[PDB]
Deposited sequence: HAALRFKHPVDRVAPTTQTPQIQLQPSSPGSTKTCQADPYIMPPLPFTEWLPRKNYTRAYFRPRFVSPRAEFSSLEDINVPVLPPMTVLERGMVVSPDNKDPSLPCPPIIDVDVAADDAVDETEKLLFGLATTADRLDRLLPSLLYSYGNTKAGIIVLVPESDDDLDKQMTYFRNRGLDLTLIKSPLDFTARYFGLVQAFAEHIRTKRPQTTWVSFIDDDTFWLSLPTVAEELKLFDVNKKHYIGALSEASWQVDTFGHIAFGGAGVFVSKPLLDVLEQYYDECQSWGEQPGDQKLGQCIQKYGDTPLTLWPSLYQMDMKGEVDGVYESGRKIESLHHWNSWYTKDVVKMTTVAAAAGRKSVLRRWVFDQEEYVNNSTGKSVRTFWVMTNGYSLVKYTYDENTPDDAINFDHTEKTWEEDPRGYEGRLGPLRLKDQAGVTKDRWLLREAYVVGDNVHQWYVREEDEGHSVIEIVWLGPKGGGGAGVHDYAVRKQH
């Protein structure tokens, strides 16, 4: 009749209230890591069963006609397998932060760099802290990094990584070929994929890879630099030049280190900036739904714990079942039409799932055509003026478009239970607590997210 019943994990914040609930099963099928999909893949089979009024727990309310939950279908989708972490060994990341900030952002740092072969050195302020004890605290939890005390300030310690990079490579990590400046809130959706894409650049030539800010006035203010929030990559030959002229470039005031880095490369590096539009600085505040639901290639995120608030750790939970590259992938399904037999015009309805972010139900009215939304255009949902984001984020759609209704279910909870990942999307409607659960039926032993790469730093 049905298709073992998996019980949803429910915190009391979700178990206690009454809720309108529906669930769908998605079965990830892993293909090549180099496989490519559409920005919005279609599912031509019914997906979301009708909602069921539930009471405390999962008890079916007596308001429902059917006394039971609907039988949800299993939707097979193709996902690109995770890339190998072998190419990550050539990377050495550098941070200017504190051990307290590393501990607060530990889960996000574990997803980005944990269970990879990349090295991390951190310039921390001067203190009485036991660096060996703090280093063991993070390494035993899965984050192998090197803590180095520095007398410089945070702004100077950022550029001070140039000297820290060179000495660490010369003395401890000679196999390093790529060096990377990062913020502690620079979140990599798939670091091994980035390491694989760095192979296209000659390792023996100088290279300066980064991204511009999405806000045009930030580029006007600070110049065409690699904004440090999105991540910066500097090849070893360019680092050798930066070390040669470190004393001539390093100021000791409050100039942003990423701007100082770009100006030093512009002056003595003879290396142009290589632009990676997949790295996102996120120089924007408010609702970031448009960028996350854009279907664009997103390899790094930023500002998610300051300028705006977004649990990127909760968002990447699905990677344990469907791989890293499945995060923020878009599927469209459940297209329904409600025609008026007198006028012939119809109100159309369809769903778009941004994996790990949102479930959006779109309603086109009688006067709204089918192509009213180009989902390859980025919806402008943030606060700043949209004119400064047209150049970087392409042609922007309006947040409030006439004739279009956008009901959004934001991801509230996510849990890994065995081989499955339970996604708990929630919309707080006036008529109740609306819940949409997506259970990803991942393969045995895990679908990725570094679950098999625990001994990859050994020996």
| request: Any chance you could give me the deposited-sequence numbering of all the stretches lacking C-alphas? | output: 1 to 33, 37 to 38, 495
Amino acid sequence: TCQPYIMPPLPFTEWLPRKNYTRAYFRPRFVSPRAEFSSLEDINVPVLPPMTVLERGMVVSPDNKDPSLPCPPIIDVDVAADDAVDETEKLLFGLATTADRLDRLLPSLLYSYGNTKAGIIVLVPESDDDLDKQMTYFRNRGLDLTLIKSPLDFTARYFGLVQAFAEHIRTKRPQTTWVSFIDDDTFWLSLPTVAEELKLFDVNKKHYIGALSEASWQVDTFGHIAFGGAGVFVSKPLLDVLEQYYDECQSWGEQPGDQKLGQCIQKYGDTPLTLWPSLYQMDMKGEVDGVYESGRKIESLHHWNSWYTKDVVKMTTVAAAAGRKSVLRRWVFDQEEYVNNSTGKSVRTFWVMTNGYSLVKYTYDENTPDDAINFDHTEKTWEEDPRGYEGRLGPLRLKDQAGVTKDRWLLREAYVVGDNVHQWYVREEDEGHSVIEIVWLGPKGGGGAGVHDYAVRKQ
From here on, numbers count along this sequence of modelled residues.
| query | Hey, which bit's got the bigger mean C-alpha B factor in the entry, 309 to 317 or 359 to 367? | reply | 359 to 367
| request: Please work out which of 269 to 277 and 334 to 342 has the higher mean CA B-factor as recorded in the PDB entry. | output: 334 to 342
| message | Looking at the C-alpha B-factor values in the deposited entry, which of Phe93, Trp188, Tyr245, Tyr208 comes out highest? | response | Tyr245
| query | Which is it among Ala99, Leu161, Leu110, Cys249: the one with the largest CA B-factor in the entry? | reply | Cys249
| said: Where does the C-alpha B-factor of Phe201 rank in its chain, lowest, middle or highest third? | reply: highest
| task | Compare the C-alpha B factor of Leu301 with those of the other modelled residues in its chain, then answer lowest, middle or highest third. | result | lowest
| note | Here the Cα B-factor of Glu413, set against its chain, lands in the third termed middle
| What third of its chain's C-alpha B-factors does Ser235 belong to: lowest, middle or highest? | middle
| field | Third of the chain, ranked by Cα B-factor, where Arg27 sits | value | middle
